[PDB]
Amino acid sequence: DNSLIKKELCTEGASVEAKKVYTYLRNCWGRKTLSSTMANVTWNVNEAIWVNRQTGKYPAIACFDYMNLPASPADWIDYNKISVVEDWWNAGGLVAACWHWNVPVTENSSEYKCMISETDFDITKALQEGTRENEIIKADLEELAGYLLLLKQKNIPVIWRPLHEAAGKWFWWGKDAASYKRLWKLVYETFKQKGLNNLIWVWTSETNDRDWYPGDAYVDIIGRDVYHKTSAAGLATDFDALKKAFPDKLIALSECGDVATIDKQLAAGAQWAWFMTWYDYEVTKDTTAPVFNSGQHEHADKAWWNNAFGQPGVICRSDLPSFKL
């Protein structure tokens, strides 16, 4: 059943909690699919709260985004304030994080973006020791490693998914496979130097992009991000292709929106390790606003989520075992 999936994380001496989380996911492979929601933008669990108000159940995994490194610390975003992550973990939920790596729109700008169409930041220069771009990404990694170390010191592991969708060539890190792989290894080695042993590394594949794969030494789980795909058969075809490319690794639907209901996906063979719905900015940015209660959602509405939780294979937060002690 799951004998092909690797038993060990790529990180030597990974934390007890990271190993427990990974081992649980490995045990679920082919049998269960975890539910997950994205934060509203970055640093909250507003979509998890929204899902509970629609269904009575919470998602198993809450994901956060370190996108706003340039502004942190600020009145409105401070990644040193880890209570929102701590509180989720202590309520028994799993913690995930991604990272829209925002860089100056142009040299000396005060605007920060991540799409190639919105920044001229050049990864090839960022990898050359001593350049302006290199100093920028080193300082970002130092700041980010410090924020992640706050979670490590609280014994909170993170299902960590940086540098995603590289081969789509729409983010500044998607210029070319060779420089992309060098950047992934720099992030990994920088974090290793900082002592971050609480991370499970998720590499997001666009399918048929093996030239972009950073390597077994730097990756634990494969992710796929899919929007606007309502053929469950097509979703299963993607799932199968990823399983074939990476037969030793769990495969997750790490982002989705406007996709076939989970019952159809599962019946077609798309047996993802988890699915994470993207956020609807206007609906969940304010949990006190009337729109919070309506049930409509750009990515997965009330009916979609009640369908998902109606399926035997789908895990909610209260289904999870304990990952602490």
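Numbering starts at 1 and runs along the sequence shown.
Looking at mean Cα B-factors across 251-259 and 189-197, the upper value is held by 189-197. Two stretches are in play, 141-149 and 115-123, and the higher mean C-alpha B-factor belongs to 115-123.
Remark: of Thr204, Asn108, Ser72, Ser83, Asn108 shows the highest value [criterion: C-alpha B-factor in the PDB entry]. Within the selection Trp88, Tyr227, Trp76, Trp101, the deposited Cα B-factor values reach their highest point at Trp76. Ranked within its chain, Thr288 lands in the highest third, by CA B factor from the PDB record. Among the modelled residues of its chain, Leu183 has a C-alpha B-factor that falls in the middle third according to the deposited record. In this PDB entry, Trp172 carries a Cα temperature factor that places it within the highest third of its chain's modelled residues. Annotation for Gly30: CA B-factor lies in the highest third of the chain's modelled residues.
Per the PDB record, residue ranking by Cα B-factor puts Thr277 in the middle third of the chain.
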